[PDB]
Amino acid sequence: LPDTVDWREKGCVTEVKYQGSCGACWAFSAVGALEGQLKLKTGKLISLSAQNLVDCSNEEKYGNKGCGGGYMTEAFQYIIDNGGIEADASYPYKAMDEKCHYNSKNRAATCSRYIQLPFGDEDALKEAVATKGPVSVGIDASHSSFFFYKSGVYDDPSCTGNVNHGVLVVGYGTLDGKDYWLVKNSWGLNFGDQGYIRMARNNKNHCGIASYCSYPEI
C-alpha cells in the first residue's frame, strides 16, 4: 500500500460544500463517496444531489431525519431503493427540509449495494481508501479543537468514539512523523485547511474515525 493517498490527484473528489444550519453532513459524506465511484467508473466528476437525500430519505423506512441528521449507509440504501439520485445541478442544496421532488429523467448516478468495514479497524480503512476510493465515515466533531482546526495532524486526547458528524476520507499519509486521514468536511472553504482536516491515524481509533466506515458500489 502507498504511504500517501489523495483522491483529488485522480480527479475523484468534487468541490467542498457548505452545509450551513442544516444537519446534512451525512448526505454530504454519502454523495462524496458516490461521486468518487462515479468518476472512477464513468470518468466524470459531478456534484451529486445531497438535497435529494435530505428530501427523500426522511421516513422510518430509513431512519434518516433530513436536516435533523441521518446515516450515510441509509443514504446509500435510499439510492439503491430509489434507482438513482440526481446531480446537484438539477436538484440543488437548499439547507432545509422540502418535499421529495426526485425526477428519474434526471438520474446522474445509481447504487447497487454498499459495503461496511469492520468497526474500528483502521487497517481495513486504509485498504479501502487505497484500493476502493473515498470512504464515508463518522466522527466526533464536537470539540472546538476540530472547529478551529488550522494545520498539522489533529490529535486531541479529549476526542471520543462517540460519533456525531458524517465526513469523507479522501486519502491518508504521514506528516512530520504522524499518520493522518485526509478528511473532506462540508463546512465550506473557511474550515480547517481548504475545507479539509488531517486527522490522527493509527492512534486508538481517534474520534471514532474507523467506527462507522462505508462506501457504495455502482
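Just so we're on the same page, rigid core means the largest C-alpha set that superposes within 1.5 Å between forms. Sequential numbering from 1, following the sequence displayed.
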Aligning on the core, I want to see which stretch wanders more in 6 other deposited structures of this protein. Is it 74-82 or 143-151 by C-alpha RMS? 143-151
Going by the B-factors listed in the PDB entry, is the mean over the C-alpha atoms higher for 68-76 or for 110-118? 110-118
Taking the mean of the C-alpha B-factors per stretch from the entry, tell me the winner out of 27-35 and 171-179. 171-179
Lowest, middle or highest third: where is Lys150 by Cα B-factor in its chain? highest
Ranking the modelled residues of this chain by C-alpha B-factor as given in the entry, is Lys99 in the lowest, middle or highest third? lowest
Sorting the chain's modelled residues by C-alpha B-factor, tell me whether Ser57 ends up in the lowest, middle or highest third. middle
Grab the CA temperature factor for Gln19 from the record and place it in the lowest, middle or highest third of its chain. lowest
Chain-wide C-alpha B factor ranking for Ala50, given as lowest, middle or highest third: lowest
